[PDB]
Amino acid sequence: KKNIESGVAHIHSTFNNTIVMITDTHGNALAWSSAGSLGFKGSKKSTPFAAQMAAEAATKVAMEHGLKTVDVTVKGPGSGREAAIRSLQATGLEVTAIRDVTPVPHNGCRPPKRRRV
Amino acid sequence: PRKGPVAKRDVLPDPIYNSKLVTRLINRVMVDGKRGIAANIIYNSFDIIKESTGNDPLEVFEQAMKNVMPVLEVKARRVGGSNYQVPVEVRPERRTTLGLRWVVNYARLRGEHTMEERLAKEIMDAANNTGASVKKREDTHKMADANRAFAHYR
Amino acid sequence: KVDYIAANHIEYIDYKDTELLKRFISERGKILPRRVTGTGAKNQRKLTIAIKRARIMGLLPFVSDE
RNA sequence: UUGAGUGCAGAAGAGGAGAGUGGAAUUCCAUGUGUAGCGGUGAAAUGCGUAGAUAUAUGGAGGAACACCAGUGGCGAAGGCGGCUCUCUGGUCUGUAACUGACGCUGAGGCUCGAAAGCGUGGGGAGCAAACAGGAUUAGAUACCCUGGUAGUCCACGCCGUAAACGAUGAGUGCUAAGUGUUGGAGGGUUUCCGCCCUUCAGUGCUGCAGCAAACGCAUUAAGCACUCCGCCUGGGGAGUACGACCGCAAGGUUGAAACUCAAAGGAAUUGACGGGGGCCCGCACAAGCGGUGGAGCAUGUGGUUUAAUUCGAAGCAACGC
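As you go down the protein sequences, you meet chains k, g and r in turn.
For what it's worth, PDB author numbering labels the leading residue of the first sequence as 13, then goes sequentially.
For what it's worth, PDB author numbering labels the leading residue of the second sequence as 2, then goes sequentially.
For what it's worth, PDB author numbering labels the leading residue of the third sequence as 13, then goes sequentially.
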């Protein structure tokens, strides 16, 4: 609805799950697809194969509301962050800006411990 | 294997059709070297093509080489143990291997109640865009660039 | 093997030279190491104190992603 | 007047105390958008979400640490010290050498400083996290894995006086081949040297002669050649324990035995040996393939039961049509 067609996508991908969400210019949220939401569970959500079809099921419900141009907000250092963008162009959008905004601190707090395994 | 490469033993053509790859299609259904049943009913099935929607068996064999042709192939080459592969460029050796294995092991999957009408409809399918072996070429086109999510760090 | 920065015999970093500011920082917003330019050791410290005063008034940004 | 100190001219330094201040990140709150998941593992579970999160955008609150430069780099007597600005302030090194004229070195007692953890009193609390709670693995797991979470970590004032406070090398001073970088000076030359060479004072690394060493190694930053002053040791346990004394609120610290055992304990190196290391090198060991087992029934061998006995042995690879 209202056919803005100038959206902002969002990319977040840990070592164990990924979420893509496509919003407005600012953006207020429109449609989002998660690797857990597409039937996958547990540990297999880490793989880059989910990042294709999560992006596809995001873009379908996205451009039902009418969507041509897009911004690419990249958080979440994981695995399929590049596959999500490459399948994002494969369903016909206007990726032209790559910002891998990874929030790094300046030694504020302390990390958790090692994993004595 | 481990030491180095090895030969491939290319097949001789037929003294009847005069075509090499027809012999490659012969030598995948034939069990225990029984050329008498299996190869002759393959002759009968291509003559069924010649009698219904066909003129010469060599040209329609080339038409089957069209519509079954494996254009790509993957091979599971792990590094750290995980599911790692890439759509590799297929050798025309291994192209013929994959395509004729699709045709023969779908003639296994077909299983029609006449021992050569399964072969007749099998090659009417593999020569004329139909049957699930041509749809196996479709599904081979499918996973080509669909396991590419983990095949671009190469 | 690498040249220095005081060919013009610069004496005092003077807290305000925004044009001499740009020779050393990264375009993203960091500081290049002294292995890169081969500059002087005490002059490295002068540059560091200079641009750390520069980031506080706002004659250079802290983080420049855009 | 050479040792030592005071001139005068200079140079570097995350040396210390006090007072203010800067941005990013994590968390909490306020609000807009959005629906059905978020999160973790080897795998799963507990937990959180339909009283609308996880996600995104804007703004506020708050405490701690200071991203890159950062380097066998710097400073301090040792512990140690890294965002920026101001005030107070201690030491080091170089040049000069008018001045004082041996004023030095070491230090049993004594006094001061003294990581982390801890105690008392009063503030503060974002993370992280002993104890404690739950979930799972385990034959068992009051452990390692995951989700929570207090005292603590911080600040102000006292207390304690410990470490692998290790370079396991006390300090002052003089002598003995070389090569090699680097931090800070000063001086001479070509040269606008700040783009080179040459020499010298002070630290800091690396390789290497004589020599020392049981070996390992060390080697102008001695574990060589020597003098001065201090400290400590004399087989292994019992044991830094017992008793006494001193200090501490307390935990504790300092000092410090013997009875009674044993013929060993210990350092270094040599031959088979591990690396969760690869250079290999192979091999139906894999990847690629076909066919077979495990289905139904029949026959056999073994384990089992039954037996008047179901007559010996065989027992993963390397026993069961033996």
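Ideal Cβ placement from N, Cα and C applies to all residues, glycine included.
Spatial distance of residue i from residue j (CA atoms)
| i | j | result |
| --- | --- | --- |
| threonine 97(g) | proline 124(k) | 56 Å |
| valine 104(g) | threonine 131(g) | 11 Å |
| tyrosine 27(r) | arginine 65(r) | 7 Å |
| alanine 77(g) | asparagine 84(g) | 7 Å |
| residue 180(g) | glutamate 68(k) | One cannot answer for residue 180(g) here, as it falls past the ends of chain g, which runs 2 to 155. |
| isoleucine 61(r) | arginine 47(r) | 18 Å |
| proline 117(k) | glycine 88(k) | 15 Å |
| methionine 144(g) | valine 14(r) | 54 Å |
| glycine 37(g) | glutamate 63(g) | 24 Å |
| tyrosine 16(r) | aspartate 29(r) | 18 Å |
| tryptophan 44(k) | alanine 70(k) | 5 Å |
| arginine 25(g) | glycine 34(g) | 13 Å |
| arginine 119(g) | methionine 31(g) | 15 Å |
| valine 23(g) | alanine 65(g) | 11 Å |
| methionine 70(g) | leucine 105(k) | 33 Å |
| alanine 152(g) | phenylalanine 52(k) | 21 Å |
| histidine 142(g) | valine 72(g) | 8 Å |
| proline 6(g) | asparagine 106(g) | 28 Å |
| residue 1(k) | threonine 81(k) | As displayed, chain k neither begins before 13 nor continues past 129, which places residue 1(k) out of reach and without an answer. |
| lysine 13(k) | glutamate 74(g) | 43 Å |
is_contact[residue i, chain g] using C-beta, thresh 8 Å
| i | result |
| --- | --- |
| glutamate 68(k) | no |
| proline 89(k) | no |
| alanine 95(k) | yes |
| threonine 59(k) | yes |
| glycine 92(k) | yes |
| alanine 21(k) | no |
| residue 189(k) | In this structure chain k extends from 13 to 129, so residue 189(k) is not present and cannot be described. |
Top-ranked residue by Cα proximity to residue i, from the options
| i | options | result |
| --- | --- | --- |
| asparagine 129(g) | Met144(g), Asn68(g), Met116(g), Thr141(g) | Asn68(g) |
| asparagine 20(r) | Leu32(r), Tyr27(r), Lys13(r) | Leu32(r) |
| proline 73(r) | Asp29(r), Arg40(r), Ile61(r), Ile22(r) | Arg40(r) |
| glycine 50(r) | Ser76(r), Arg35(r), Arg67(r) | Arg35(r) |
| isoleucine 16(k) | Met75(k), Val116(k), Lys87(k), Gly51(k) | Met75(k) |
| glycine 100(g) | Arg138(g), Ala150(g), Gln64(g), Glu123(g) | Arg138(g) |
| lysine 42(r) | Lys58(r), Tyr24(r), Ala53(r), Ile63(r) | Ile63(r) |
| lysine 58(r) | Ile22(r), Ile68(r), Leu71(r) | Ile22(r) |
| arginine 102(g) | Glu123(g), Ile17(g), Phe151(g), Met116(g) | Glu123(g) |
| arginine 10(g) | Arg119(g), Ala152(g), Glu63(g), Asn28(g) | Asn28(g) |
| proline 88(g) | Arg155(g), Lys35(g), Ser20(g), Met116(g) | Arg155(g) |
| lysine 21(g) | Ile42(g), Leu59(g), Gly5(g), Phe151(g) | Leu59(g) |
| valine 84(k) | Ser46(k), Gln101(k), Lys57(k), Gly78(k) | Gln101(k) |
| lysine 57(k) | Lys13(k), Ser25(k), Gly78(k), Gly104(k) | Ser25(k) |
| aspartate 15(g) | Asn41(g), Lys4(g), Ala8(g) | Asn41(g) |
| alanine 147(g) | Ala39(g), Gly112(g), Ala8(g), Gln86(g) | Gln86(g) |
Chain k contact for residue i (CB, 8 Å cutoff)
| i | result |
| --- | --- |
| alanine 77(g) | no |
| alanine 40(g) | no |
| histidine 114(g) | no |
| residue 1(g) | No answer is possible for residue 1(g): the residues shown for chain g start at 2 and end at 155. |
| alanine 150(g) | yes |
| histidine 142(g) | no |
Buried/exposed call for residue i, threshold 16 Cβ in 10 Å
| i | result |
| --- | --- |
| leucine 13(g) | exposed |
| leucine 44(r) | exposed |
| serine 134(g) | buried |
| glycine 19(k) | buried |
| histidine 22(k) | buried |
| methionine 125(g) | buried |
| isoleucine 17(g) | exposed |
| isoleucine 97(k) | buried |
| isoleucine 43(g) | buried |
| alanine 18(r) | exposed |
Report task. Count the CB pairs spanning the stretch 44-63 of chain g and the stretch 85-99 of chain g that are closer than 8 Å, and state whether there are at least three. Result -> Counting Cβ pairs under 8 Å, fewer than three are found: no touch.
Query raised in the report: Quick one: any contact between the stretch 53-62 of chain g and the stretch 28-47 of chain k, if contact means 3 or more CB pairs under 8 Å?
Result: No, they do not touch.
Query raised in the report: Is the stretch 111-118 of chain k touching the stretch 37-44 of chain k, taking contact as three or more C-beta pairs under 8 Å?
Result: Three or more Cβ pairs closer than 8 Å define a contact, and the stretch 111-118 of chain k falls short of that threshold against the stretch 37-44 of chain k.
Query raised in the report: If you pair each beta-carbon of the stretch 63-71 of chain k with each one of the stretch 81-95 of chain k, do three or more pairs fall below 8 Å?
Result: Result yes; three or more Cβ-Cβ pairs closer than 8 Å.
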